[PDB]
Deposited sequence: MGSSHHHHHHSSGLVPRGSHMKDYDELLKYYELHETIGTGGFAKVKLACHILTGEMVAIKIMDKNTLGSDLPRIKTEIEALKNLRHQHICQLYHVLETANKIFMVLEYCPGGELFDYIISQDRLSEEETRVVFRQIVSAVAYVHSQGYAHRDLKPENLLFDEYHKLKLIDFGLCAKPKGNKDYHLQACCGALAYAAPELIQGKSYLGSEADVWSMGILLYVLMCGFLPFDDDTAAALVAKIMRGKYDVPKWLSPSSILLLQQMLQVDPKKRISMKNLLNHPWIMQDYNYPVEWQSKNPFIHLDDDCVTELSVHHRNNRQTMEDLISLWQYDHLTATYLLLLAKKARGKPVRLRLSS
């Protein structure tokens, strides 16, 4: 009874889940033929941490970006919440870092310009992620990074509602968007060094290192790398580099000579007309109210079919259902 609605729309394959509450079940969307990943939560096993699932869904319903792992479809049965998500077979950025030694400056940049694109867009929409680390970034079948787990979340100019400690800003530990900038700075350091700037045996010694904020600057780090690191690793969050200045930073533009393009290429308001026409021939009605219907963004089957059609059109394969 929990799978009857899900199985009208999706053919279920393997289990890259079998975690706690949330198993990932690789699956195929029947109409389009595109590969999806299905996050499965237990609506009466999840404890007092169902608010995290709801904070994530409501952030993912409002965020749309080339470097954010897309939500296609939400399904709620008796004891189960289902999230139909974008396909990421390439592993975590974490798995990437721990397989190789340390990355070169130009290799970290290629990566880091993608983290910056995503996190800058999050902040434009009034959100702050609050748990940026290399586990929470995944690689798609085209080697591009996707940001995941908005389980902790913002609206810092919104209504009243921590993460990994080695990534946590000083002001976070003692109680904005500037906390995320600190965490991108920790991320930048590990990519180039192969080790954290602050690490210890006990948690109480880790906190003391974050507050004092003194760190090692390895011999192989360039002076451009060092300068950007100290702008991002400011203990005072008012002294930390702004996103407007990060986007076009001299280290950030080496070998690219254009700034980070953060603005979304995945639209809410514009409707692709190849997709509207193919959905119209399938559902059998007029494109006028077809557009009106998609524009509700209910994150049902129609939202899943529209956005997956748009993903198939992006691949190169044709705009076709069955």
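K.L.:
So which bits of the deposited chain never got modelled?
P.N.:
According to the deposited record, C-alpha coordinates are absent for 1-21, 183-188, 203-206, 354-356, which together make up the missing parts.
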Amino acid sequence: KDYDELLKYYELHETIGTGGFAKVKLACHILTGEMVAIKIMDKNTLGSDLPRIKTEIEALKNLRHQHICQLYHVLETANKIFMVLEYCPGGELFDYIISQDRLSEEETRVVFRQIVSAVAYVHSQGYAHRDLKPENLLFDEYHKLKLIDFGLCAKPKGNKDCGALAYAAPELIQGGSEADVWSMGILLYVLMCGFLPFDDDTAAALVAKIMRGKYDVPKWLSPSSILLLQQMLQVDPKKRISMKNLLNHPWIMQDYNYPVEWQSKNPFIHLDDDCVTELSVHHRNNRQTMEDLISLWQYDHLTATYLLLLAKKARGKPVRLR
From here on, numbers count along this sequence of modelled residues.
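K.L.:
Do the C-alpha atoms of 258-266 or of 281-289 have the higher average B factor in the entry?
P.N.:
So the stretch with the higher mean C-alpha B-factor is 281-289.
K.L.:
Identify the stretch, either 206-214 or 180-188, whose C-alpha atoms have the larger mean B-factor according to the entry.
P.N.:
Mean B over CA atoms: larger for 206-214.
K.L.:
I'd like to know which of 69, 46, 36, 253 has the highest C-alpha temperature factor in the PDB entry.
P.N.:
Spelled out: the listed residue with the top C-alpha B-factor is 46.
K.L.:
Sorting 149, 106, 95, 161 by Cα temperature factor from the record, which one lands on top?
P.N.:
Out of 149, 106, 95, 161, the record gives the largest C-alpha B-factor to 161.
K.L.:
Taking the chain's C-alpha temperature factors as the reference, tell me which third residue 155 falls into: lowest, middle or highest.
P.N.:
CA B-factor rank for residue 155: highest third.
K.L.:
Taking only the Cα B-factors deposited for this chain, tell me whether residue 173 sits in the lowest, middle or highest third.
P.N.:
Answer is highest: the recorded C-alpha B-factor places it there.
K.L.:
Taking the chain's C-alpha temperature factors as the reference, tell me which third residue 143 falls into: lowest, middle or highest.
P.N.:
Its C-alpha B-factor belongs to the middle third of this chain's values.
K.L.:
Which third of the chain does residue 101 land in by C-alpha B-factor: lowest, middle or highest?
P.N.:
Its C-alpha B-factor, which the entry lists for residue 101, ranks in the highest third among residues of this chain.
K.L.:
Relative to the other modelled residues of the same chain, rank the CA B-factor of residue 201 and answer lowest, middle or highest third.
P.N.:
For residue 201, the deposited C-alpha B-factor lands in the highest third.
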